[PDB]
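Contents: one structure, followed by commentary.
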Amino acid sequence: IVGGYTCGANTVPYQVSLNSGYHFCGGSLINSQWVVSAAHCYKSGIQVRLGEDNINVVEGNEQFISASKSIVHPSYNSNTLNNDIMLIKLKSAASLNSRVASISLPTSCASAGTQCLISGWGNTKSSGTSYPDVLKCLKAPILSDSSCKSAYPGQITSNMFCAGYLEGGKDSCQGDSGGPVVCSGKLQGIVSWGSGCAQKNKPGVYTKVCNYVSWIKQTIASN
Ligand SMILES: NC(=[NH2+])c1ccc2[nH]c(-c3ccc[nH]c3=O)nc2c1
Ligand SMILES: [Ca+2]
Ligand SMILES: [Mg+2]
């Protein structure tokens with residue numbers, strides 16, 4: 001996250017870190033047994049780490065649970081990143097408490113102009129590399145589809161939306177992929193892609209979760 005701030009320990013209780021011997025993507029807890037992340041974060045051998053703040057220090061509130069199965073969306077296209085969403089089932093149910101909680105799925109899609117909270121342990125420099133150990137946060141508004149499409153001609157589908165600042169300076173970045181974009185208490189997006197990080201007229205692109213609620217609900221109830 002570039003131009004964001006330190007969230008504070010466990011203030012984003014639904015945020016998860018996917019680890020395959022190191023942190024490689026974020027995710028969101030939607031109930032005690034399931035996590036939603038981005039399809040491009042798919043890997044074999046994932047351990048889900050809940051209740052994290054510093055990912056390099058065991059501070060006492062973490063739960064490390066292995067995944068039993070991963071399901072990438074049936075229409076995910078790795079070339080365009082259309083339908084960039086995946087579900088991960090935990091081998092054991094997590095224990096929900098004040099530090100580990102799930103986030104609600106949306107009942108409708110959010111309007112352009114709605115402010116959201118984006119979080120993750122990704123790179124904090126637009127030009128350079130600095131990976132934080134504690135969770136970073138960024139409040140950013142959903143942008144109009146017209147500004148999103150003018151920034152990325154022929155690359156935005158109806159399953160994506162842009163959020164951020166066209167001026168640049170504030171954005172999600174590599175390492176944040178798969179993490180949550182929460183607006184008005186609902187999970188509305190997943191960090192998917194962008195052009196570099198915090199560049200002018202290159203906002204971040206997020207998977208539009210309101211278009212996948214029926215698929216998520218049906219898939220978790222049958223697995
Ligand atoms: N500007 C953004 N909002 C953004 C977000 C996630 C990204 N993830 C990546 C990325 C780069 C290289 C390899 N893997 C990634 O996920 N670039 C990204 C850019
Ligand atoms: Ca930790
Ligand atoms: Mg994240």
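Each chain of the structure tokens is named A, B, ... in the order shown, its residues numbered from 1; ligands are numbered from 1 in display order.
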Item to complete: Per DSSP on the backbone, filter segment 114-206 of chain A down to the residues in strand (DSSP E) and report them as an MDAnalysis selection string.
Response: chainID A and resid 115:120 136:141 160:163 180:183 186:193 204:206
Item to complete: DSSP on the backbone, then: every residue of segment 43-206 of chain A marked alpha helix (DSSP H), written as a ChimeraX atom specification.
Response: /A:145-151
Item to complete: Extract, using only C-alpha atoms, all DNA, RNA and protein residues at most 6 Å from segment 59-76 of chain A, discarding same-chain residues fewer than 6 positions from it, and format them as a ChimeraX atom specification.
Response: /A:39,46-52,82-91
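In this model, the gap between atom CA of residue 204 of chain A and atom CA of residue 112 of chain A comes to 14.2 Å.
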Item to complete: Could you tell me, counting only C-alpha atoms and all ligand atoms, which protein and nucleic acid residues lie no more than 7 Å from ligand 1, written as a PyMOL selection string?
Response: chain A and resi 171-177+191-198+203-205
Include N, CA and C atoms and write out the residues we just selected as an mmCIF file, in the first residue's frame.
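File written: selection.cif
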```cif
data_model
loop_
_atom_site.group_PDB
_atom_site.id
_atom_site.type_symbol
_atom_site.label_atom_id
_atom_site.label_comp_id
_atom_site.auth_asym_id
_atom_site.auth_seq_id
_atom_site.Cartn_x
_atom_site.Cartn_y
_atom_site.Cartn_z
ATOM 1 N N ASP A 171 -2.221 4.235 -3.422
ATOM 2 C CA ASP A 171 -2.730 3.056 -4.215
ATOM 3 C C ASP A 171 -2.340 1.734 -3.521
ATOM 4 N N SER A 172 -2.879 0.625 -4.001
ATOM 5 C CA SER A 172 -2.512 -0.701 -3.416
ATOM 6 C C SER A 172 -1.273 -1.032 -4.330
ATOM 7 N N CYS A 173 -0.612 -2.132 -4.102
ATOM 8 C CA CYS A 173 0.579 -2.471 -4.904
ATOM 9 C C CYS A 173 0.859 -3.971 -4.735
ATOM 10 N N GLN A 174 1.903 -4.426 -5.377
ATOM 11 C CA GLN A 174 2.300 -5.864 -5.302
ATOM 12 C C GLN A 174 2.458 -6.242 -3.824
ATOM 13 N N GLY A 175 1.900 -7.377 -3.504
ATOM 14 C CA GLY A 175 1.963 -7.877 -2.100
ATOM 15 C C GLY A 175 0.588 -7.679 -1.485
ATOM 16 N N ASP A 176 -0.166 -6.749 -2.033
ATOM 17 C CA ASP A 176 -1.548 -6.454 -1.536
ATOM 18 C C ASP A 176 -2.600 -7.308 -2.288
ATOM 19 N N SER A 177 -2.203 -7.827 -3.423
ATOM 20 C CA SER A 177 -3.087 -8.676 -4.277
ATOM 21 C C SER A 177 -3.911 -9.657 -3.428
ATOM 22 N N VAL A 191 -8.145 -6.768 -4.371
ATOM 23 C CA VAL A 191 -6.985 -6.106 -5.036
ATOM 24 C C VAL A 191 -6.584 -7.029 -6.204
ATOM 25 N N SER A 192 -6.706 -6.527 -7.405
ATOM 26 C CA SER A 192 -6.366 -7.350 -8.593
ATOM 27 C C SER A 192 -5.162 -6.855 -9.403
ATOM 28 N N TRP A 193 -5.258 -5.711 -10.022
ATOM 29 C CA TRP A 193 -4.096 -5.264 -10.814
ATOM 30 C C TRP A 193 -4.024 -3.776 -10.939
ATOM 31 N N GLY A 194 -3.104 -3.313 -11.731
ATOM 32 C CA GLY A 194 -2.953 -1.831 -11.928
ATOM 33 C C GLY A 194 -1.704 -1.644 -12.781
ATOM 34 N N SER A 195 -1.315 -0.435 -13.057
ATOM 35 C CA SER A 195 -0.094 -0.181 -13.885
ATOM 36 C C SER A 195 0.884 0.475 -12.883
ATOM 37 N N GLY A 196 1.851 -0.317 -12.479
ATOM 38 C CA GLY A 196 2.866 0.169 -11.497
ATOM 39 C C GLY A 196 2.051 0.427 -10.219
ATOM 40 N N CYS A 197 2.481 1.357 -9.410
ATOM 41 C CA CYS A 197 1.740 1.676 -8.164
ATOM 42 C C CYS A 197 1.797 3.159 -7.925
ATOM 43 N N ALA A 198 0.654 3.697 -7.608
ATOM 44 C CA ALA A 198 0.410 5.142 -7.307
ATOM 45 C C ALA A 198 0.848 6.107 -8.394
ATOM 46 N N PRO A 203 -5.020 4.344 -11.768
ATOM 47 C CA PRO A 203 -5.583 3.868 -10.470
ATOM 48 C C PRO A 203 -5.567 2.320 -10.370
ATOM 49 N N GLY A 204 -5.788 1.819 -9.190
ATOM 50 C CA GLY A 204 -5.786 0.349 -9.031
ATOM 51 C C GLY A 204 -7.117 -0.195 -9.588
ATOM 52 N N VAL A 205 -7.098 -1.442 -10.002
ATOM 53 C CA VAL A 205 -8.282 -2.152 -10.571
ATOM 54 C C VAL A 205 -8.526 -3.294 -9.588
#
```
Worksheet item: So which residues touch residue 7 of chain A within 9 Å, counting only C-alpha atoms, skipping near sequence neighbours fewer than 3 positions away, as a ChimeraX atom specification?
Response: /A:4,10-12,53,119,134-138
Could you dump the residues just selected with C-alpha atoms as a tab-separated table (two decimals), in the first residue's frame?
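Contents of the output file result-v2.tsv:
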```tsv
chain	number	residue	atom	x	y	z
A	4	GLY	CA	-1.41	4.74	3.42
A	10	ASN	CA	-6.07	-6.23	14.58
A	11	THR	CA	-8.26	-3.24	13.50
A	12	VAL	CA	-8.99	-5.04	10.19
A	53	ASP	CA	-0.51	-7.52	12.48
A	119	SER	CA	-5.41	-2.99	3.40
A	134	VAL	CA	2.69	-4.53	9.88
A	135	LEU	CA	-0.61	-3.99	8.10
A	136	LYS	CA	-1.11	-0.80	6.14
A	137	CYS	CA	-4.42	0.85	5.34
A	138	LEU	CA	-5.67	3.28	2.72
```
Ligand 3: which residues are within 8 Å, counting only C-alpha atoms and all ligand atoms? Reply as an mmCIF file with C-alpha atoms, in the first residue's frame.
```cif
data_model
loop_
_atom_site.group_PDB
_atom_site.id
_atom_site.type_symbol
_atom_site.label_atom_id
_atom_site.label_comp_id
_atom_site.auth_asym_id
_atom_site.auth_seq_id
_atom_site.Cartn_x
_atom_site.Cartn_y
_atom_site.Cartn_z
ATOM 1 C CA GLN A 15 -7.732 -9.560 6.767
ATOM 2 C CA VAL A 16 -5.721 -12.706 6.139
ATOM 3 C CA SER A 17 -2.157 -13.317 4.882
ATOM 4 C CA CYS A 25 -1.074 -12.407 -1.037
ATOM 5 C CA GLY A 26 -3.887 -11.074 1.127
ATOM 6 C CA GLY A 27 -7.411 -12.483 1.475
ATOM 7 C CA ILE A 118 -8.023 -1.097 1.329
ATOM 8 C CA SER A 119 -5.406 -2.990 3.400
ATOM 9 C CA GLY A 120 -2.374 -5.197 2.965
ATOM 10 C CA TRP A 121 1.291 -5.943 3.576
ATOM 11 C CA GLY A 122 2.408 -4.975 0.062
ATOM 12 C CA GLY A 175 1.963 -7.877 -2.100
ATOM 13 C CA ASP A 176 -1.548 -6.454 -1.536
ATOM 14 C CA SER A 177 -3.087 -8.676 -4.277
ATOM 15 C CA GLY A 178 -6.117 -10.666 -3.076
ATOM 16 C CA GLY A 179 -6.829 -8.361 -0.163
ATOM 17 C CA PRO A 180 -10.052 -6.597 0.705
ATOM 18 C CA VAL A 191 -6.985 -6.106 -5.036
#
```
Worksheet item: Separation of atom CA of residue 165 of chain A and atom CA of residue 201 of chain A, in Å?
Response: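 It comes out at 7.8 Å.
Compared by their closest atoms to residue 213 of chain A, and using only C-alpha atoms, the residues A:181, A:156, A:30, A:38 rank with A:30 nearest.
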Practice prompt. Go through A:31, A:95, A:158, A:57 one by one, measure the shortest atom-to-atom distance of each to ligand 2 using only C-alpha atoms and all ligand atoms, and give the residue with the smallest value.
Written response: A:57
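Proximity ranking of A:36, A:55, A:2, A:221 relative to ligand 2 places A:55 first, based on only C-alpha atoms and all ligand atoms.
With only C-alpha atoms as the atoms that count, the residue of A:115, A:147, A:98, A:28 with the shortest distance to residue 9 of chain A is A:98.
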Worksheet item: What's the 7 Å shell around residue 186 of chain A, counting only C-alpha atoms, without same-chain residues fewer than 2 positions away, as a ChimeraX atom specification?
Response: /A:103-106,182-184,188
Expected file contents, prior selection, N, CA and C atoms, as a tab-separated table (two decimals), in the first residue's frame:
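Output contents, as saved in part.tsv:
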```tsv
chain	number	residue	atom	x	y	z
A	103	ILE	N	-16.12	-10.77	7.19
A	103	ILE	CA	-16.70	-9.53	6.61
A	103	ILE	C	-17.89	-10.02	5.82
A	104	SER	N	-18.87	-9.18	5.75
A	104	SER	CA	-20.13	-9.49	5.03
A	104	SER	C	-20.00	-9.26	3.53
A	105	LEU	N	-20.76	-10.06	2.83
A	105	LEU	CA	-20.77	-9.98	1.35
A	105	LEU	C	-21.85	-8.92	1.07
A	106	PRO	N	-21.71	-8.25	-0.04
A	106	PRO	CA	-22.67	-7.17	-0.37
A	106	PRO	C	-24.02	-7.72	-0.85
A	182	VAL	N	-13.21	-2.77	1.37
A	182	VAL	CA	-14.49	-2.78	2.14
A	182	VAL	C	-15.09	-1.38	2.12
A	183	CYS	N	-16.34	-1.36	1.72
A	183	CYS	CA	-17.11	-0.09	1.61
A	183	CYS	C	-18.43	-0.30	2.33
A	184	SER	N	-18.74	0.62	3.18
A	184	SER	CA	-19.99	0.59	3.99
A	184	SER	C	-20.26	-0.77	4.64
A	188	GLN	N	-16.56	-5.28	-1.12
A	188	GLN	CA	-16.96	-4.91	-2.52
A	188	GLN	C	-15.86	-5.20	-3.56
```
Discussion item. Here is a test: counting only C-alpha atoms, which residue of A:29, A:166, A:220, A:58 is nearest to residue 199 of chain A?
Written reply: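 Smallest separation from residue 199 of chain A among the options: A:166.
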Worksheet item: Hey, can you check how far atom CA of residue 164 of chain A sits from atom CA of residue 127 of chain A?
Response: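 Between these atoms lies a distance of 17.5 Å.
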